[PDB]
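First comes the structure, then the notes that go with it.
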Amino acid sequence: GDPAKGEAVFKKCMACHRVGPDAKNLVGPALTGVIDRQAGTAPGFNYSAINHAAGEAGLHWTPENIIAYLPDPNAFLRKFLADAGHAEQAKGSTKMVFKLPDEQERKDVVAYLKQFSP
Ligand code: HEM
C-alpha cells in the first residue's frame with residue numbers, strides 16, 4: 001500500500017470521517033488511532049447495534065480486517081458475528097452506507113490510516 005496515494009483515496013472518506021490531531025466525530029467516528037482499535041469504541045460516537053456488537057465479540061481493526069471490511073461493511077460485520085457465535089446480533093445494519101470495492105484503493109487508504117496509529 002502507498003500512503004501518498006492513500007491520502008487521495010481518503011478524499012472519498014472525508015465527507016464523514018476525520019483523521020489527524022484533535023480529529024472530531026462527524027457523521028462517522030474519528031479515525032485517528034483506529035488501527036488495532038476495538039470496533040465501536042471511539043469516544044462520544046453513537047454506533048449502530050451491529051458495529052458495537054462486533055467489537056464486543058472481539059473485532060479489532062487490524063489492517064487486514066479493514067481491507068476485508070471496506071468492499072461491503074454489512075457483509076463483513078454480519079459474517080464476523082456469525083462466525084463468533086453471535087449470529088442473532090447480525091440481523092441489523094451498519095450506519096456506514098459506503099463501499100470501496102477496488103483492492104488497490106483499499107490497500108492505499110489503509111496504508112494512509114496506519115500513519116495515524118502507533
Ligand atoms: C474508504 C472510505 C472510508 C473508510 C476508510 C471508512 C472506515 C470506517 C471504519 C473502519 C469504520 C469503523 C470505525 C469504528 O468501529 O470505530 C467506519 C464506520 C463508519 N463510517 Fe466509514 N469509512 C469510509 C467512508 C465513509 C463514508 C463516506 C461514510 C458515509 C457516507 C462513512 C460513515 C461511517 C459511519 C456512520 C460509521 C459508523 C457505522 C456504525 O456505527 O454502524 N464512512 N468507517
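Following the order of the C-alpha cells, chains are lettered A, B, ..., residues in each are numbered from 1, and ligands are numbered from 1.
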| request: Collect all residues with atoms no farther than 7 Å from ligand 1, counting only C-alpha atoms and all ligand atoms, and output them as a VMD selection string. | output: chain A and resid 9 to 10 12 to 17 27 to 29 31 34 38 to 42 46 to 48 50 to 51 61 66 70 93 to 100 106 109 to 110
| request: Give me every helix (DSSP H, G or I) residue in chain A, going by DSSP on the backbone, as a ChimeraX atom specification. | output: /A:3-12,49-56,63-69,73-83,87-90,103-116
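Here CA of residue 53 (chain A) stands at a distance of 15.3 Å from CA of residue 69 (chain A).
The spacing separating CA of residue 37 (chain A) from CA of residue 60 (chain A) amounts to 5.2 Å.
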Go through region 18-60 of chain A and flag each residue having an atom no more than 10 Å from region 71-90 of chain A; for those, report the closest pair of atoms plus their distance in Å to one decimal, using only C-alpha atoms, ordered by chain and rising number, as JSON lines.
{"residue": "A:49", "atom": "CA", "partner": "A:89", "partner_atom": "CA", "distance": 8.0}
{"residue": "A:50", "atom": "CA", "partner": "A:90", "partner_atom": "CA", "distance": 6.2}
{"residue": "A:51", "atom": "CA", "partner": "A:77", "partner_atom": "CA", "distance": 7.1}
{"residue": "A:53", "atom": "CA", "partner": "A:89", "partner_atom": "CA", "distance": 7.0}
{"residue": "A:54", "atom": "CA", "partner": "A:81", "partner_atom": "CA", "distance": 5.9}
{"residue": "A:55", "atom": "CA", "partner": "A:81", "partner_atom": "CA", "distance": 9.3}
{"residue": "A:56", "atom": "CA", "partner": "A:81", "partner_atom": "CA", "distance": 9.7}
{"residue": "A:57", "atom": "CA", "partner": "A:84", "partner_atom": "CA", "distance": 6.7}
{"residue": "A:58", "atom": "CA", "partner": "A:84", "partner_atom": "CA", "distance": 8.3}
{"residue": "A:59", "atom": "CA", "partner": "A:80", "partner_atom": "CA", "distance": 7.8}
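CA of residue 35 (chain A) to CA of residue 68 (chain A) spans 13.8 Å [interatomic distance, one decimal].
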| Using only C-alpha atoms: which of A:67, A:36, A:114, A:7 has the shortest distance to residue 102 (chain A) | A:67
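Each of A:45, A:3, A:64, A:52 was checked against residue 26 (chain A) using only C-alpha atoms; the smallest atom-to-atom distance is that of A:45.
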